[PDB]
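Single chain ahead, written as structure tokens, the form deposited in one PDB entry.
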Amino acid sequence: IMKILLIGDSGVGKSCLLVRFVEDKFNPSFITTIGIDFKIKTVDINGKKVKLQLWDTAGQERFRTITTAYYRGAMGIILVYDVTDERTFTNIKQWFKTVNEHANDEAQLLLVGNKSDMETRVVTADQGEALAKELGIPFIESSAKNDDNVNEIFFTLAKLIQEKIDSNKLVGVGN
């Protein structure tokens, strides 16, 4: 079991990425998708069958009113911005600070530039890595609409988390 979060400004596509990864669906409808609490999905990591527990913000990020229970015990946190919206990029530094307070610095973060399919792009892929590198976390450029590197987001994060679990096991020197 792994509690994974998706955080970022409203409109960046957090709920689409989640729905694409689990259900393999995209809804272009301009509405927010409501009705999503969390999804479950089994991932396979080096033989190990790991269940991801993926929690939606339910729109509470919209006025910075996210519930504490959301953050608690999160092992991985996906920070997301919209490559067509510069403000959603600028605010990542702020989200980073916030998440590191509430997750209590034990969570593995990961930066995602969403809507890489759009031609109305205003943040380059290189800009995104500059910030990712600056913060000490990996980078993926995704599109929930076109399924561009969406799986890679979740596998990359799951893999890092298991790396830390596995290297913290006490060694059976005795037997």
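In this text, the rigid core denotes the largest set of C-alpha atoms whose superposition between the two forms falls within 1.5 Å. Note that residue numbering follows the sequence shown and begins at 1. Only residues modelled in both forms are compared.
Omitted from view is the form deposited in another entry, to which the following refers.
Superposing the rigid core between this form and the one not shown leaves a single residue from 50, 58, 137, 122 with a C-alpha shift of at least 2 Å: 58. Superposition on the rigid core between this form and the one not shown places the CA atom of residue 40 less than 2 Å from its counterpart. After superposition on the rigid core, the Cα of residue 27 moves by 2 Å or more between this form and the one not shown. Shown here is a form in which the CA atoms of residue 6 and residue 62 lie at least 3 Å closer together than they do in that other deposited form.
The Cα-Cα distance between residue 54 and residue 29 is shortened by 3 Å or more in that other deposited form relative to the form shown here. Core-superposed comparison between this form and the one not shown: runs of at least three consecutive shared residues with Cα shifts of 2 Å or more are located at 23-36, 58-70.
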